[PDB]
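Inside the fold
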Amino acid sequence: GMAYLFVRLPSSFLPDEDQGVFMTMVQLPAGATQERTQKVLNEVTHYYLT
Amino acid sequence: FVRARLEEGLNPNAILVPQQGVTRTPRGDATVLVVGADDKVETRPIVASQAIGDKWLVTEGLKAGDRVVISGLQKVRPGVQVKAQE
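Here, residue numbers run from 1 along each chain following its sequence as written; these need not agree with the numbering used in the entry, and residues that have no coordinates do not appear. Whichever chain is written first is A, and whichever ligand is written first is 1; the rest continue in order. As shown, the structure covers only some chains of a larger assembly, and all values describe those chains. To get the side-chain values, take all heavy atoms of the structure and skip hydrogens and water.

In its metadata, the entry names cryo-EM as the structure determination method and reports 5.9 Å as the resolution.

1. What about the overall build of chain A?
Where helices and strands are cited, they refer to DSSP runs of H or I of at least four residues and of E of at least two residues respectively, numbered from the N terminus. A tally of helices and strands in chain A yields two helices and zero strands. As defined in this context, the radius of gyration uses C-alpha atoms, and a globule is described by 2.2 Å times the residue total to the power 0.38. Against the 2.2 N^0.38 benchmark of 10 Å for 50 residues, chain A shows a C-alpha radius of gyration of 21 Å, more extended than a compact globule. Counting only C-alpha atoms and orienting by the principal axes, one finds that chain A spans roughly 60 × 30 × 15 Å. A simple rule labels every residue: compare its accessible area, found with a 1.4 Å probe on the protein chains alone, to the largest value its type can have, and call it buried under 20%, exposed over 50%, or partly exposed in between. In chain A, which comprises 50 residues, the share counted as buried stands at 4%. In this description, accessible areas are obtained by the Shrake-Rupley approach with a 1.4 Å probe, and a residue is regarded as covered only by the protein chains that are shown. For chain A, the exposed area adds up to about 5,300 Å²; of that, 61% sits on carbon and sulfur atoms.

2. Here's the deal with the interface of chain B and chain A
We call two residues in contact when some of their heavy atoms are within 4.5 Å. The partner chain A presents four residues to the four residues of chain B that form the contact. Accessible area that two parts lose when put together, with a 1.4 Å probe and added across both, is what the buried area reports. Regarding the contact of chain B and chain A, the summed buried area is about 260 Å², with carbon and sulfur atoms giving 49% of it. Looking at the side of chain B facing chain A, the largest losses of area belong to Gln20(B), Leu73(B) and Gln74(B), adding up to 93% of the total buried there. Salt bridge criterion: a side-chain nitrogen from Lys or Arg within 4 Å of a carboxyl oxygen from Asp or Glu. Here chain B and chain A share zero salt bridges between them. Definition of a polar contact: a pair of N or O atoms within 3.5 Å, with one able to donate and the other able to accept a hydrogen when the atoms are protein atoms, and with sequence-neighbouring residues admitted only if both atoms are side-chain atoms. Between chain B and chain A we count one residue pair in polar contact in total. Classifying every residue of the side of chain B that touches chain A gives one nonpolar, three polar and no charged. Note on residue categories: nonpolar means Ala, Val, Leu, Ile, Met, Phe, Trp, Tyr, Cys or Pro, charged means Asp, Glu, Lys or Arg, and polar means any other residue, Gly included.

3. Focus: the sheet that holds strand 4 (residues 44-45) of chain B
Residue and element names in this part refer to chain B. Strand order in the open sheet made by the three strands is 2-3-4, with antiparallel pairing throughout. With partners counted over all chains shown, the strands left at the sheet margins are strand 2 (23-24) and strand 4, one partner each. Note: two strands are recorded as paired if DSSP finds a minimum of 2 bridges between them. With two bridges connecting them, strand 2 and strand 3 (residues 30-32) associate as antiparallel partners. Residue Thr23 lies in a different strand from strand 3, and its bridge partner there is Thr31.

4. Focus on the sheet that holds strand 1 (residues 16-18) of chain B
Residues and elements named next belong to chain B. The strand order across the open sheet built from three strands is 1-6-5, with neighbouring strands paired in antiparallel fashion. Among the strands making up the open sheet, the edge pair consists of strand 1 and strand 5 (48-52). Strand after strand, the sheet turns through a mean of 35° between neighbouring axes, direction not considered. Across three bridges, the pairing between strand 1 and strand 6 (residues 55-58) is antiparallel. Each residue of the ladder has a partner; that of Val17, found in strand 6, is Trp56. Structural elements are reduced to axes, namely lines fitted to C-alpha atoms, with helices fitted over the stretch in contact, and the angle between N-to-C directions of any two is expressed from 0 to 180 degrees.

See below:
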């Protein structure tokens, strides 16, 4: 059973840490201008800010 | 020689699609995403006419009352159901 759990055991790279910050990436459709993207942000922002 | 804007044909009926919602396909072919009553997005190929304003005049392929599926280019792959906003 020792050998039993060793194998059932899911393996990872490393424990992730909450670092006090993170990032959110913004991609729009193609050909779209910044204003489009820009509005997204205040949306993004407004989520965070609020 | 001063700029002269000279009035012209004044198109009686213009299909003006926001150049947002205007996505060519196939190569150089305006594909409007307008979703019919089925609310299953169906991109209907057309050819945007000469660019104007922020929108495309498109001589053909679209009709009046067509709800342009303009944005949402992620949540809409063709055929998917969709809830319109205008």
